[PDB]
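So the structure is just underneath, and the comments pick up after that.
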There are 4 protein chains.
Amino acid sequence: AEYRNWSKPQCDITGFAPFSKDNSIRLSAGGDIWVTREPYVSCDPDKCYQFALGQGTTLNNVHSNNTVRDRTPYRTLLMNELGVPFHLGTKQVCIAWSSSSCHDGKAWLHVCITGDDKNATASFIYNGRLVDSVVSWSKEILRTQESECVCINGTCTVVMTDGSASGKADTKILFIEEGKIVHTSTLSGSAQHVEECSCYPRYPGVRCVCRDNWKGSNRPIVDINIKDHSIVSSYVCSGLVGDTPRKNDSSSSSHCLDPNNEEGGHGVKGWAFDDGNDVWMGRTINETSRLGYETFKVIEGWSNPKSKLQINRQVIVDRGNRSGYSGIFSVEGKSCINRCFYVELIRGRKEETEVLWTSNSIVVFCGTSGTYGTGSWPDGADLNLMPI
Amino acid sequence: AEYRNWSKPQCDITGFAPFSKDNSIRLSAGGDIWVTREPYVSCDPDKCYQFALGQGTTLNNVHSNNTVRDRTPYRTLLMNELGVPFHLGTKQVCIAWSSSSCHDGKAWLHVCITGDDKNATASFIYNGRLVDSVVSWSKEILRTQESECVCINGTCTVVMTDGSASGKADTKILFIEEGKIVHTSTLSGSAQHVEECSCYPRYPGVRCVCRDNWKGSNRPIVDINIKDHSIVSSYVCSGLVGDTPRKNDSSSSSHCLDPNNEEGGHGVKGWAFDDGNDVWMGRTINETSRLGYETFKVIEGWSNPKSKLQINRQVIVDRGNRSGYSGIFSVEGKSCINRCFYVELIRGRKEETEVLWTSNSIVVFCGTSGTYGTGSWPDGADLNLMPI
Amino acid sequence: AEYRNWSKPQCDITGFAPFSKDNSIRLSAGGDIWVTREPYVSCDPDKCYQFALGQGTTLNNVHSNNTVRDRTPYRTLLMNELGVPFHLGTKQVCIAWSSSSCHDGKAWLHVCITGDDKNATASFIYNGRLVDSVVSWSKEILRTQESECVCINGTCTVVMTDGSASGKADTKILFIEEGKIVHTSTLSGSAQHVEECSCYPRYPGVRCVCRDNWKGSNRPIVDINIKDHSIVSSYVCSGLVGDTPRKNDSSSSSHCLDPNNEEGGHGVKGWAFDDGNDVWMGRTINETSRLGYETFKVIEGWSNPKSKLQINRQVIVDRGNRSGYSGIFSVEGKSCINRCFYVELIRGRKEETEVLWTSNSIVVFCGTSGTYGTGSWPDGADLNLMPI
Amino acid sequence: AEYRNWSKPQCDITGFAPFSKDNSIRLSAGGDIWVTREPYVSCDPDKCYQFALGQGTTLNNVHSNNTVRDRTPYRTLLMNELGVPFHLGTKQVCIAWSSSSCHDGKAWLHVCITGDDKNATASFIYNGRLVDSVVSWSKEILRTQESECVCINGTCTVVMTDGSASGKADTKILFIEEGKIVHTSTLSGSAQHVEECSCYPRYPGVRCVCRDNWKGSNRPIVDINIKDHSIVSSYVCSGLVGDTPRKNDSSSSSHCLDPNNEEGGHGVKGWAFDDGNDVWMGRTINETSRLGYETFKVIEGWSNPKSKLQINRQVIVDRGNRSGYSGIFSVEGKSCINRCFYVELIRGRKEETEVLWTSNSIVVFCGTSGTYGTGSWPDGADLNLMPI
Ligand SMILES: *[C@@H]1O[C@H](CO)[C@@H](O[C@@H]2O[C@H](CO)[C@@H](O[C@@H]3O[C@H](CO[C@H]4O[C@H](CO)[C@@H](O)[C@H](O)[C@@H]4O)[C@@H](O)[C@H](O[C@H]4O[C@H](CO)[C@@H](O)[C@H](O)[C@@H]4O)[C@@H]3O)[C@H](O)[C@H]2NC(C)=O)[C@H](O)[C@H]1NC(C)=O
Ligand SMILES: *[C@@H]1O[C@H](CO)[C@@H](O[C@@H]2O[C@H](CO)[C@@H](O[C@@H]3O[C@H](CO[C@H]4O[C@H](CO)[C@@H](O)[C@H](O)[C@@H]4O)[C@@H](O)[C@H](O[C@H]4O[C@H](CO)[C@@H](O)[C@H](O)[C@@H]4O)[C@@H]3O)[C@H](O)[C@H]2NC(C)=O)[C@H](O)[C@H]1NC(C)=O
Ligand SMILES: *[C@@H]1O[C@H](CO)[C@@H](O[C@@H]2O[C@H](CO)[C@@H](O[C@@H]3O[C@H](CO[C@H]4O[C@H](CO)[C@@H](O)[C@H](O)[C@@H]4O)[C@@H](O)[C@H](O[C@H]4O[C@H](CO)[C@@H](O)[C@H](O)[C@@H]4O)[C@@H]3O)[C@H](O)[C@H]2NC(C)=O)[C@H](O)[C@H]1NC(C)=O
Ligand SMILES: *[C@@H]1O[C@H](CO)[C@@H](O[C@@H]2O[C@H](CO)[C@@H](O[C@@H]3O[C@H](CO[C@H]4O[C@H](CO)[C@@H](O)[C@H](O)[C@@H]4O)[C@@H](O)[C@H](O[C@H]4O[C@H](CO)[C@@H](O)[C@H](O)[C@@H]4O)[C@@H]3O)[C@H](O)[C@H]2NC(C)=O)[C@H](O)[C@H]1NC(C)=O
Ligand SMILES: *[C@@H]1O[C@H](CO)[C@@H](O)[C@H](O)[C@H]1NC(C)=O
Ligand SMILES: *[C@@H]1O[C@H](CO)[C@@H](O)[C@H](O)[C@H]1NC(C)=O
Ligand SMILES: *[C@@H]1O[C@H](CO)[C@@H](O)[C@H](O)[C@H]1NC(C)=O
Ligand SMILES: *[C@@H]1O[C@H](CO)[C@@H](O)[C@H](O)[C@H]1NC(C)=O
Ligand SMILES: *[C@@H]1O[C@H](CO)[C@@H](O)[C@H](O)[C@H]1NC(C)=O
Ligand SMILES: *[C@@H]1O[C@H](CO)[C@@H](O)[C@H](O)[C@H]1NC(C)=O
Ligand SMILES: *[C@@H]1O[C@H](CO)[C@@H](O)[C@H](O)[C@H]1NC(C)=O
Ligand SMILES: *[C@@H]1O[C@H](CO)[C@@H](O)[C@H](O)[C@H]1NC(C)=O
Ligand SMILES: [Ca+2]
Ligand SMILES: [Ca+2]
Ligand SMILES: [Ca+2]
Ligand SMILES: [Ca+2]
Ligand SMILES: [Ca+2]
Ligand SMILES: [Ca+2]
């Protein structure tokens, strides 16, 4: 086995094609399925895995009451092969209420954060054994991506944030070789508030598209030099912005270096990536809440903060159906690196009151250079009929 | 690992021997089993897999109401090892309400069709990663085999139909190398309406025996040249015809080049294959509905449209018990290529009203050059006692 | 991978040591466990598998009513790794109401018999593909071992019986190379009625200890020359006899060449093997029914029909708890071939009336040259409390 | 594959980092989970396994009544991959009410003890086959570690005790090469009462930290020379003692060679290991019962019986939540041997009366040379709401 370098061109992308769905909530109506949130997909050199943060319970289970909560001692990172729903035989790969995973071409890395809100611990688990850990630096919910980290030449990188949700915080990018934290660079450049980075290889570096929870409805960008550890940061230029909340299409504005200051507070995890000077991104369709999910190409939307010229719109989930977190992952082809995305379909509290629990299913798409049609892939669970 | 060429003679066939049954519906009476239809078997160079189109639900599950429906967003292709019933730990290999799979000797191909009836998308997934997709060409339920595709020298072929069920439609045969659509040939020769081809290697080409849903109770044949991409087409000569509906044995007639125009409208998925100038086929015993299932050898039935001389009849499922789709698959022996078949045993709506759901189990047989006896392998589920 | 020859000495045996138990019936009280009977253990060169004949249902399942019946269309051979209870994810390896399996060192053989009582079919499945089949020869429940076949130099042998349970029948020993029936020898020598042979390698041949269902409470022996296909047969000399029913210890008698004519009618599957001129065997403790299970060494009990000198008694299952079929299997050590046995613990009908079903669990022991103690390993299920 | 020598330095340890949790009891509230006690973790050269002694039942199961009992015929050793909860598809690797497992670098050894209290049998199972067994020597609950054995150069060692719980007993250390008992050394040196040793490699020997159930609240130490089979024994010097019960921190005293005679009677399984002349250990926080669980480094606590200078305290489980057995396991890194521990979280009888059963979940930590924070990882099951 060799290390993944990802030293290949990004694939031709004309839009995205259907790839997986787990129907997890519909299945949990007549089966033992884990209660989850904050899921993601990541793949070894052969095949993909779906991950999620469990609530240490199944759904048709008295313990599923109040799974609205973000951090308990019972949250673990569940890891299955993609499209195998989180059944009772699913492996919990670490204790974690925040996490991120990747494969360097030789073995898995899991970055797992649990413990006290004011003093959480990040364990680093590579090749099925604990190799390192770090404390919270700022003592206020040490957290990371909730999607795949990225490894190049065997150096894995991961964005972690400690401190305020709605003010300045302390973001650090760690570098990991065989599970060992070998360097820490701190957040630098013009990105002001960084979370939950959806990151992807982009030889010779990594690139991340994050969530500003403070002043921006534009998403931050972070560029990571793997070799000398340098960090630059900015925002997705594109005049059509990717966070939720945001202002509508006619009212919105962005900026390449600064938060737009537009409904900025709060956010949702999301993704985007560069296509020359164009940008592919997706987002919730509804501008205030996590209902619906679309993707498009903004032309010059990677280098022109004034551009609102989208093309290749696809509805992934229609505007009446619920979405949630979404993130990028990258899959090496024969000649090129393709780009894929998953989308958390959240059901339950607080939005839905028919049931006491909070879970999610996923649906997953992949970049295609072929043709494709139209549709809608929502959760499909009828909450009026689920475990009373 | 090398590519499958299948450059071996077809095995001596004196009839078929029992091979698998999953008892899926009986199991679903006290366990969590997926609701399925449109199943098939296909095998890698070591071992076989059962596939089916799930309804994104298990049976003892409120979501199993109305699984009569043919296409929802929740349908995925389930893939298990043959004889492992579709339990909750079963892997969903793509989103699909129409599908077809094969192994080229190196890796799996899945052809998966989902999305809008008028604009469905066909994703092509090879070696656990999406490589291509195509849109509907005619905008009316893009669909494919519901049984294994066939790959020779690493070029996989698959029949896909778009357009009318009960008039002319646009059938295309695609060619796929490592998940990449490398050519499309359109349907040619004298076959008028083509569906759900049960296809099998026949070095140097592929051969398919399809379903005419329009004017024929004889089944179409399609011959696919893998090397220069040419396509010829006709009908199964044999005077005893293989579709359902059909006219009875004394009243029936066929034709080698044309639909018999005999109760032709509608049909059911089925299979047949040549044995010199003889033909092996199977079919439902009842001539109007999917009750019972038999197989036989019509002598000169591959080259003489007047022949009604059958021998080696076997009842697979008796005439009081329900059948459904059936299709061929092919298994490489030490010296020869054997031929096998599965048979969908459909239970539930609309025919059976004791329950609100629609599922199936399977039973599977294989060509044998040995001797064999007699029996009946129905579904065995007592619907009077199942999830009320 | 090479072929198993088993060209090693039988291990020193001072008695048997505990090896596995599946608690299948106790588990089925709060889980989805298959209804089974006629189980056995067999092992590949690495590890062991438990097999059983399923009733195409789980226990807490309406379909478990009447699983007393010996042959239905829904019976399949279940195969798990040893000590993994027959859960819903268990693989059904063929359709079978009678079966036998072995590994030649390269791949599995399954011998599977299903279909009409008067015209049953025996499929031969090797390396995950059907290679041969035979019809019933005598048209009266073609049946085989219900325990492992034995393969030497890649020629597997299996005893099959067709015809009368309580008169002369037609026993044949088949020889199989890569799933192909390459020869059939018919039953020869002085054994009059042969069933359900518990067979074991004994270089250069195989040896079997069977069930006489007609005139003998002594068990038959069958010797199989793998190279020239010759067959001799007799009975276990030992004056303490191994069938059930039988006469008590003081009243009993045997004979090396002839059925003892002692309560002979009927029987139960069992095992024994030679240790020089001594014999190891086990049997039910109760002499008329399948309650309890013991093992011992009869000294000179392999060559002297008058000897009733037992030593090294072990209770495997105490005389108040239910037993059932038991059979031998053989496990290659570094220097020697060890001998092991499983014991069917039958629960349910007709003997137990608290429930409508009929199943079994297993317990398994292995030959040891060490020391060992005493105990009792019954089924442990409280049928007064099970699925009403 | 080569033999594990463990000829590497013990890793830098600054405390312990989170590693796994199975939430087994919370899961058993809406799923089929085994009833267990006496669990442990052990790892092959790639990955870790959780083990436990099952009660031959699942929790939501009538058979879970009275699982308070220590030895029944239905207890088997369950083995899963670490963090896969003991679901119904879990493999029972032997019959055992006392056990211990290890991997020599080539294959697993299981040491399994079942049968009569006064005449129990210890089976030794290596590479999926029984190789040896021994009887009870003293005829009073032959028992072993309930945590991993240790293998060096392919000689595995294991501590076993027979005889009195609250007086002198007969402890022996066995040596096993490929499952074969090749020598037995008896307990020697100044350790008076030995149980349930938590053992760990320490090249060139093994070292164990045990439970004195008679006169000591200090834990015994046993040193095992693998090459010449010699045995020395003593007690953990450290003035803060590791058993439960014990006297409080201000009242307590220890002794390097003798039981402290301090509330000594009874005990709980535990672990410790040397760090130069310092000692790492953990223990229950409550001094009389198995509520809470902490770990610390006593400075000079390995060579000075007067030292009560602890540093690097971590709460693993807070003082209101239940603990239980805990034990060490060892994981080979690239350059060093790390040390990890699991902790049995016991729920049910006799302490908790809301339910009739007795089970446990686990939580697992690992030595880290990094930094770490604070938290609490209890069982989390609400017994007021569980299977009535
Ligand atoms: C079958 O499926 C395919 C693929 O999904 C559909 O084709 C796509 O249709 C979408 C939506 O209409 C297209 O996305 C849109 O691109 C527009 C670009 O304008 C024109 O420019 C191109 C070339 O430059 C011309 O060839 C063409 O005439 C375009 O019209 C944007 O203006 C759109 O944005 C606006 O409309 C959307 C959606 O309605 C609004 O929500 C936005 O906020 C905004 O106002 C949009 O992005 C897409 O490019 C097409 N894809 C491809 C590959 O062709 C078929 O429409 C579909 N068929 C059926 C029957 O459903
Ligand atoms: C045990 O199991 C075996 C195998 O299943 C059975 O043997 C088969 O029996 C079937 C059904 O009778 C045979 O199939 C039939 O072939 C007929 C051919 O006619 C004769 O020609 C051959 C040689 O040319 C002669 O040797 C022989 O005498 C044949 O009679 C066809 O005429 C049949 O078609 C007609 O009958 C069927 C079924 O009854 C109708 O439904 C049809 O519509 C049609 O009118 C039929 O196809 C088969 O060939 C036999 N197989 C083998 C390998 O021999 C045994 O019968 C069975 N035994 C018991 C006791 O059940
Ligand atoms: C702990 O566990 C061990 C192993 O299970 C037990 O030791 C075994 O005990 C059994 C049962 O008593 C022994 O089996 C018996 O062998 C007898 C042979 O007679 C003597 O011959 C030898 C040497 O030739 C002498 O050393 C010895 O004194 C023997 O007594 C047979 O006569 C027995 O058959 C009769 O008794 C049985 C059982 O009671 C009846 O049911 C039979 O029908 C018959 O009348 C019997 O086969 C066995 O050999 C011992 N094994 C070993 C390895 O020593 C311990 O007894 C046990 N301890 C406790 C406390 O339970
Ligand atoms: C975030 O998480 C980290 C790691 O868990 C915490 O830091 C640890 O805090 C614990 C508990 O206070 C420390 O353990 C203690 O060590 C003491 C040593 O005394 C001093 O000596 C060192 C150097 O020699 C000085 O640097 C330092 O000032 C120490 O104070 C012992 O005295 C303690 O034992 C006593 O206190 C405990 C716990 O309160 C009692 O229960 C005992 O019975 C006993 O009386 C104790 O062992 C530990 O060393 C720290 N670890 C590290 C790596 O620094 C942070 O406290 C935490 N932050 C928050 C906000 O929760
Ligand atoms: C669910 O949790 C809430 C918050 O603790 C609690 O008040 C409520 O009683 C719980 N609901 C049920 C049905 O137990
Ligand atoms: C967005 O979601 C809100 C919240 O329910 C809803 O009321 C509103 O109609 C939605 N807005 C749009 C523009 O679809
Ligand atoms: C099942 O679905 C039908 C069609 O929508 C609906 O009318 C009916 O109420 C459903 N049945 C039940 C029991 O909910
Ligand atoms: C075919 O099926 C129909 C539909 O129920 C039934 O009424 C009829 O009797 C069957 N016909 C034959 C010839 O068996
Ligand atoms: C079980 O089967 C018997 C035999 O057919 C039948 O008479 C009886 O009604 C069945 N029992 C139940 C409870 O359905
Ligand atoms: C054997 O079993 C029968 C059947 O129940 C029982 O009545 C009898 O007591 C048993 N006999 C012996 C000798 O244990
Ligand atoms: C549980 O076991 C105890 C001890 O045998 C018994 O007395 C009691 O009846 C059992 N409880 C139930 C609910 O059956
Ligand atoms: C220890 O546990 C006992 C048993 O319930 C409890 O009563 C006591 O308060 C605990 N002691 C301490 C010091 O926490
Ligand atoms: Ca924001
Ligand atoms: Ca259930
Ligand atoms: Ca038709
Ligand atoms: Ca008999
Ligand atoms: Ca249940
Ligand atoms: Ca003590």
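Naming works like this for the structure tokens: A, B, ... for the chains as they're shown, residue 1 at the start of each chain, ligands 1 onward in shown order.
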Would you mind listing the residues within 10 Å of ligand 17, counting only C-alpha atoms and all ligand atoms, as a ChimeraX atom specification?
-> /A:30-32,60 /B:30-32 /C:30-32,60 /D:30-32,60
Write down as a ChimeraX atom specification the residues of region 281-378 of chain A whose backbone DSSP state falls under strand (DSSP E or B).
-> /A:281-283,291-298,310-322,326-332,337-348,358-368
Identify all chain A residues at most 7 Å from chain D by counting only C-alpha atoms; ligands do not count. Present them as a ChimeraX atom specification.
-> /A:32,56-58,60-63,73-74,88-95,115-116,119-121,123,128,130-136
Please save C-alpha atoms of the selected residues as a compact mmCIF listing (two decimals), in the first residue's frame.
```txt
# COMPACT_ATOMS: atom_id res chain seq x y z
CA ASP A 32 -33.02 -1.16 15.20
CA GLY A 56 -25.44 6.02 22.03
CA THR A 57 -28.94 4.78 21.28
CA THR A 58 -31.20 3.33 18.61
CA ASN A 60 -37.20 2.83 18.81
CA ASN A 61 -35.60 3.12 22.19
CA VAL A 62 -36.51 5.10 25.32
CA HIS A 63 -32.99 6.65 25.27
CA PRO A 73 -20.85 11.18 27.10
CA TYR A 74 -22.69 8.57 24.96
CA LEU A 88 -26.86 -2.52 15.75
CA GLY A 89 -23.79 -4.27 14.32
CA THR A 90 -22.24 -0.95 13.35
CA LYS A 91 -18.76 -0.28 14.74
CA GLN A 92 -18.24 2.70 17.06
CA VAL A 93 -14.72 3.79 16.18
CA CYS A 94 -14.22 6.25 19.03
CA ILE A 95 -16.04 8.33 21.63
CA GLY A 115 -15.45 15.29 27.47
CA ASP A 116 -16.20 18.54 29.30
CA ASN A 119 -11.93 21.05 28.75
CA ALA A 120 -12.66 18.57 25.96
CA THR A 121 -10.12 16.02 24.73
CA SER A 123 -7.95 11.75 20.61
CA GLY A 128 -6.82 1.10 15.16
CA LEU A 130 -4.57 5.75 19.96
CA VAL A 131 -1.45 7.76 19.04
CA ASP A 132 -2.04 11.28 20.33
CA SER A 133 -4.40 13.65 22.10
CA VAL A 134 -4.74 17.36 22.77
CA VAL A 135 -6.71 19.46 25.27
CA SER A 136 -8.98 22.26 24.41
```
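Of all the residues in region 7-133 of chain B, the ones DSSP labels as helix (DSSP H, G or I) from the backbone are residues 24, 25, 26, 27, 62, 63 and 64 of chain B.
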Once you count only C-alpha atoms and all ligand atoms, which residues end up within 7 Å of ligand 12, and could you hand them over as a ChimeraX atom specification?
-> /D:286-289,291,319
